[PDB]
Amino acid sequence: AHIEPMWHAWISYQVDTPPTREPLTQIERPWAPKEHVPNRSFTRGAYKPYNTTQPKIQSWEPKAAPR
Amino acid sequence: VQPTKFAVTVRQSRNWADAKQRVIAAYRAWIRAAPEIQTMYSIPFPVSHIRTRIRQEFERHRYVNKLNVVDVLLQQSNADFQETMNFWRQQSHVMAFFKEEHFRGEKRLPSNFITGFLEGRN
Amino acid sequence: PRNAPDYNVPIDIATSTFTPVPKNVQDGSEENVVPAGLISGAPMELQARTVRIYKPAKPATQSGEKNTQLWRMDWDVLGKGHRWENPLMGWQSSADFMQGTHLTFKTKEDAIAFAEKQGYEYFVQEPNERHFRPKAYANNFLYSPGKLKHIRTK
Amino acid sequence: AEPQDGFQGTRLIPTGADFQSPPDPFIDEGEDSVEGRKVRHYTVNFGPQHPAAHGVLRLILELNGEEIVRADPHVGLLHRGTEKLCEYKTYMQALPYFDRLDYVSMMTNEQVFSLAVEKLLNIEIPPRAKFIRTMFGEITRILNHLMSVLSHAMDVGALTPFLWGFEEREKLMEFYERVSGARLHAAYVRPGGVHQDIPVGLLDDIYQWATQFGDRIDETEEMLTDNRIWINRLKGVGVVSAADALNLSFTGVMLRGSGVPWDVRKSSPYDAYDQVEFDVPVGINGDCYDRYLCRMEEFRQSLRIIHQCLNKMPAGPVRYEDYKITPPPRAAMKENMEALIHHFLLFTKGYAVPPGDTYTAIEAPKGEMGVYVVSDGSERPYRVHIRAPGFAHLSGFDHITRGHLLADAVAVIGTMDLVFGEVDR
Amino acid sequence: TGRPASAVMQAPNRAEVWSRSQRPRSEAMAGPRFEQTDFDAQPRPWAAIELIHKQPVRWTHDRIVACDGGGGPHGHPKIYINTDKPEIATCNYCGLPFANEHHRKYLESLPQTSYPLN
Amino acid sequence: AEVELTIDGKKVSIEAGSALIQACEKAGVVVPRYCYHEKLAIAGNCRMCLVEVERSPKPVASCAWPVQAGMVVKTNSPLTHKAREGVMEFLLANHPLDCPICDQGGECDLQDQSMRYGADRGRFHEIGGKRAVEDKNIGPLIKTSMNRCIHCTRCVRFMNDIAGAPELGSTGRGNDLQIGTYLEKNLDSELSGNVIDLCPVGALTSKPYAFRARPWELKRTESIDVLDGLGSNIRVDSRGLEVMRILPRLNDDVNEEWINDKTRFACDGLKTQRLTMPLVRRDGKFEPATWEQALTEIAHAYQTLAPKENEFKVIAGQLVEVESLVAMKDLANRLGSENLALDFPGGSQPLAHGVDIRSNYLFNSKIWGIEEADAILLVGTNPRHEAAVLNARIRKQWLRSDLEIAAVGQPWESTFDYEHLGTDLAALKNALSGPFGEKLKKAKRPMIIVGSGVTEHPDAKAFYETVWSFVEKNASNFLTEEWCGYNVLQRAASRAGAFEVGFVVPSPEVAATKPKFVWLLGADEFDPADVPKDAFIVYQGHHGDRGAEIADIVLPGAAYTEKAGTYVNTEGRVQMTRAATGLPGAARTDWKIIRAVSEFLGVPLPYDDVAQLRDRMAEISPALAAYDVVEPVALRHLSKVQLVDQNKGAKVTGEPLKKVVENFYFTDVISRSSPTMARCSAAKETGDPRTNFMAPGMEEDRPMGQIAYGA
Ligand code: SF4
Ligand code: SF4
Ligand code: FES
Ligand SMILES: [Zn+2]
């Protein structure tokens, strides 16, 4: 998993043009990860899933009316 | 018999007299096998406790007054008997038949209205 | 005892904390009715729960009537155990093994016959039918002897 | 007046026993004495934990010393409820379920379901799709026989041919990955044709592999066909007569080994098999050795068909040209209103299949594979039943093995092409 | 369960949620499962809502403008956008801003726009 | 005079003057359509329904063609095949490629009839491109995507003819003809959200629903609306835990394919202010408790106070089902109490109409009776705000007949022209003795409709005596075999059900007793005088609102989408809801809370299952066992003992009739917690027509957008 993405295609014979000559590697994406992302399993960087949405139901916030 | 150890050819009962003999024959084989069933699956219950379960299973269907339905129940009993006396069932299968060995208990339904209501539909 | 719940019914291995207490379990002695629910292998729970028998209404969003032709048998959702939020992913867990099951019938006597045979409690909802009224294009242009009362726009 | 007529049990229904005719006796050919002593048999469980020939197989055998008395295969260790799941899927969504039945023969498995759905759809697929499916059919037959024959050889001790031939499997799995994007579960053959067209350099790459495959077959035959250990392990083992093979529901090589000339590709031609030339190997002794020789010759006829498909490959579309059944090309879907609607509906609702039912059979690598589909007019099938040749074959294990040596059971388990995804479904 | 900025910021380029049912990262990545974990190693893609609004307005004189994402077959289905209202028109697929030249003076007058205008 | 004709070789008979498309539906022949709707005027503009008619050269619009004595119709000929394919091609030439982003997708008649009746591929590839059209702001409820519009005219015809709101129209000409309000304005109809359903395309979609779900992912539960007194038949679409939208289903007896806006859009209130666990107030602050802990404190506080007769008081709210009222009536009687009150002014007092005869309080001519009404008098009711789908039924009969309407009470802006005779009881007597009494006397099918706010009027005893004395004097007009002319209109779903089981305070003696224990059964509109400050208050309900905040113990109950409950509408039709979702949190079924408290109070109710309670209901009133029918009242004439004889001597104040709905959007607990109803209330006040007014989206003065809905 240490192999850079576009090189991964090259070494697996999915493409013939190496990334050194690959124009799609030249598109500037400021959101693209800057440092390489290896597999992080078996470390403390392992991906932790979570719910990305809010609860479907909201309970009443109790407001005891004064006497 | 011929196909495998406890194989019983599927036949209809000729009349209610015929059916009753099979039902008593089926019960007799079941409660007779209860000692073997205990030691064969290492059941943690006495043969008395196992034999009571046999009678209750036969008592759920005591009120059946339809001959075709009896033939269905008889065929099920033979199939269960064969797969028990042959060591085809595993201890998990036979143990699951005893309703006491579920971690939520055997009284898995509320006793009355108010216990089920206080816990939340049982 | 006149719709009393039988708190002493024998349980089976599929009886859970979400199973309702039944009123009437089949014993194989009912008059004239095949007791399929006794021999089907289905849990006791299905003789404790109520199914709805109805003709699905035409959706208000479309004019096609294809899905109103047949009779539907559906299980009512219980108070507890139909859905809850899984804490890990936020997925929707269920304890109702009948939640995604429905049956289709050509006639309601068929649906009732199947429900009586299995021992389901059932409720029959008859379909609302349209009240016929003739329609005419020329009624858009009727002569008004009096105040117009409404101005039509094609 | 059933079933209330059975409430009090009148008019028992006639059984096969009530129609047993006594044989014609004229022409019918068929004290503490130690001869009355009984012999106790020991019942041995084989599998699935203790190693067996292959797969999830619990084989329960009653033995008399070294001889088999009763053979009782227990299956369902891979029963996954495929037939029920198909009723909650569209026809598109049920197609990948067929890759996973005989899971070394994926494209012919999906071929049989496509042909059955095409029959109820009442559509004729384009000629190029017919030739691609026939071509991949014989590529998949070679993949299966490479797995079947060689792993059967490896079970009786012959390690080396399995290694040689699985490099051939690697080469043909590349063709599966080039067309789809999978080594095994291609989901490539669909009702209407095939998913996408073949890449523009595939035919020549198949051709290059074809020029060297004959030598691979020959070198396999160098180690087995004349080898006296191989012959002594297979000759006279697992014999079934031509008459009993038909009555046991045996199809394919299990039937042709007993001398019956029968191939579904010949008797009921499908795709492009009527446009290709090939011979049908048929045995005469109905034993494991004859069935091995039929399968080795099937290697050569498959290669012979593939070469014809390479030269007869026509131009044109690979998917039936009605966007109400097959998805439109992605460029059409992003370009015109009609195509986008048809794309939306096919991937959410699915196409509706006219009501009715059909039994459709093909000559799968393991024999007659059939599927029985009932359509209710909707987009989900009402009923999908799969006829697996391995199911019928394993049901005959007791008939072919009773009275024979325990040391021949591995030979006939391998002579049946047995994958338990087929058997249990 | 999170002190570092990767555990609080909804995205590297946006602190706040961008939908009402979006769970804030501070609550989502909280609880026992996030105790002994590297938070910079967690997947945190950039917020797409912040990036699309850096795109300048594509000015046009024509009333109707086609948008298919710019990849030809690699984009989205071709749709046609009306620029007659005095506002920035946005493609409902790719979010690209479009405006007619008739509305340039009023759009330049506006204190703040949804898109840079230049 | 049903003529006889041939369609596809099979004979069908239908009334003369019926449209050909109506005969095809009767014959079972499917004919594609876009402009035609059974409830709207025929248009004939889409061209989808063209069929072959013998002796007719041009293919003919089956929606506009009248049926004749002997016509032969071919709907599956090559000519019909060619017409449908060509018309579908023109409909799709300018249609935007938006089905991935369109909310109609999966429930679209353009997609379904393109698949069924059109070609598989399109032939429009013009370099000049498609028509594109600017979007329109028509209020906060309806998101518009006008490129999708196919010009069927259904929304204009509905808004104009049906809803009485002539603000939607079409401007321009040719390919540039555009539906909208020519100037951006809020569409002022409480029936506006019906255009969303009527729209075959996703050009007019629900703003609160936007993008949230696909149609195939929704469980569809047929149920009944409880935010009104009509019991409109509805379809509740839900995705597991969440209800996502309310749709109307057809019931020509009650709601006729329509629902009002609060019925539609208040379903977002079902998930925000919900009671999910018992609360015990302590040291002036609410605190969570178990169900054992809460019922114990009810039992203890009951003993400590030891209430005498009628010191136990129950007030029932607007959304309470009959199971809860019967079980609570059984409980209160076993505590010695007959103090059963309702949530409105004078609900704690005996009612001007009795409950001894069912016809005293019911809408006697049925909702269907409006279809034949000749003359209508409306006393003390704004029908647009109390029964809007019934209000549109009056407009429909008014448009197609010589029906005369008059009203006594507060004037309202009406969708039909009416004669305002006055505002007080004096005006009612003058009217019945005046020219409109003559109209009522000389009319087949007369109707007098009394509002539920008259029942809350101090002169209520004189109103029902005045009205019914007219009914008796002019009987054989008002009181015939085929007709009942006297009608009471209930704006709330629970009132007629409470009347049916006698859930009312019988005598002023019970009304005089000052209660020590008060049970608020989902009551939140109670008068702040029927609840004494020094009484132990128990609130049972599903929503934290006025009632819950002043209570000592809060018990979480169930909303109408979470229970099978029995409801009786204004006409006496007994209907049952179906649960779409389960109970949230630790809530319980409302009748089971009452049954559980009875064991703790030492008076266990006999019934444990809901079937036993439903047997008890038949003993109180056997019509409660007959669902989806209206049992006729046999002794109608006996509605004089309680409406005249007991009401003969009553003090008269002359105070004006009142407006019982100050704001349509805020009527019950569910709509007061609805973020969508808040937007409707805000937009009506400030006149804002923008779609994103308090919702997500870009706005000129809001360039960064906003995530909030309802704020
Ligand atoms: S209206 Fe119908 S056809 Fe048009 S975009 Fe929406 S779903 Fe597709
Ligand atoms: S907006 Fe919808 S309902 Fe109105 S005319 Fe266009 S398609 Fe018909
Ligand atoms: S339905 Fe007849 S023309 Fe539109
Ligand atoms: Zn775009």
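Worth knowing before you read on, the calculation uses all heavy atoms, side chains too, and leaves out hydrogens, waters and symmetry mates. Letters A, B, ... are given to chains in the order of the sequence lines, protein chains preceding strands, and every chain is numbered from 1.
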- Message: Any heavy-atom pair between the side chains of D/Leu172 and D/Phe213 that's under 4.5 Å?
- Response: no
Do B/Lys5 and D/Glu62 have side chains that approach each other closer than 4.5 Å (heavy atoms only, starting at C-beta)? yes
Applying ring-ring contact (aromatic ring centres under 6.0 Å, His included) to B/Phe87 and not counting sequence neighbours gives B/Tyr41
Contacts of D/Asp99 meeting side chain to side chain donor-acceptor pair (under 3.5 Å) (sequence neighbours excluded), chain-then-number -> none
Checklist entry - Is the side chain of D/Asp244 donor-acceptor paired with the backbone N or O of D/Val240 at a distance under 3.5 Å, no angle test? => result no
Value for CD (B/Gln12) from CG (D/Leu12), rounded to nearest 0.5 Å, stands at 5.0 Å
Hits for salt bridge (charged side-chain N to carboxylate O under 4.0 Å, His left out) against D/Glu170, two or more places apart or cross-chain, chain-then-number order -> D/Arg183
Residue set satisfying side chain to side chain donor-acceptor pair (under 3.5 Å) with D/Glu83, at least two apart, ordered chain then number -> D/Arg383, D/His385, D/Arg425
Any non-hydrogen side-chain atom of D/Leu115 less than 4.5 Å from a side-chain atom of D/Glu118? yes
* **D/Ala71 backbone acceptor or donor facing D/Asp398 side chain under 3.5 Å** => yes
ask   = Under the 3.5 angstrom rule, does the side chain of B/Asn78 hit a backbone N or O of B/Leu74 as a donor-acceptor pair?
value = yes
Applying salt bridge (charged side-chain N to carboxylate O under 4.0 Å, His left out) to D/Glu87 and not counting sequence neighbours gives none
Notebook entry, point to check: Side chain of D/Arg190, backbone of D/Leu95: donor and acceptor closer than 3.5 Å?
Noted result: no
- Task: Check the angle between the aromatic planes of D/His145 and D/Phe299 and answer parallel, tilted or perpendicular using the 30° and 60° thresholds.
- Result: perpendicular
Sorted by chain and residue number, the salt bridge (charged side-chain N to carboxylate O under 4.0 Å, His left out) partners of D/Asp290 (sequence neighbours excluded) come out as none
The side chain to side chain donor-acceptor pair (under 3.5 Å) partners of D/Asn45 (sequence neighbours excluded) come to D/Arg58
Residue set satisfying side chain to side chain donor-acceptor pair (under 3.5 Å) with B/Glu36, at least two apart, ordered chain then number -> none
Residues D/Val264 and D/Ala361: closest non-hydrogen pair is CG1-O, 3.8 Å
- Does D/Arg169 use its side chain to pair, donor to acceptor, with the backbone of D/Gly165 at less than 3.5 Å? no
Q.
Would you say that D/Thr160 contacts D/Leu163 through its side chain, given a criterion of any heavy-atom pair below 4.5 Å between the two side chains?
A. no
Hits for salt bridge (charged side-chain N to carboxylate O under 4.0 Å, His left out) against D/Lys171, two or more places apart or cross-chain, chain-then-number order -> D/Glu168
Quick note, ring pair (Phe, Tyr, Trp, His ring centres under 6.0 Å) partners involving residues 230-271 of chain D, not counting sequence neighbours, are D/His152-D/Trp230, D/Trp230-D/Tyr292, D/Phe250-D/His393, D/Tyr270-D/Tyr273
Using modelled atom types and a 3.5 Å cut-off, is there a donor and acceptor pairing between side-chain atoms of D/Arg80 and backbone atoms of D/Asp424?
no
(Q) Treating B/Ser77 as the side-chain partner and B/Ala26 as the backbone partner, does any N or O pair qualify as donor plus acceptor under 3.5 Å? (A) no
The complete set of ring pair (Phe, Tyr, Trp, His ring centres under 6.0 Å) pairs with one or both residues in residues 34-54 of chain D, sequence neighbours excluded, reads none
The ring-ring contact (aromatic ring centres under 6.0 Å, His included) partners of D/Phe162 (sequence neighbours excluded) come to D/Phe166
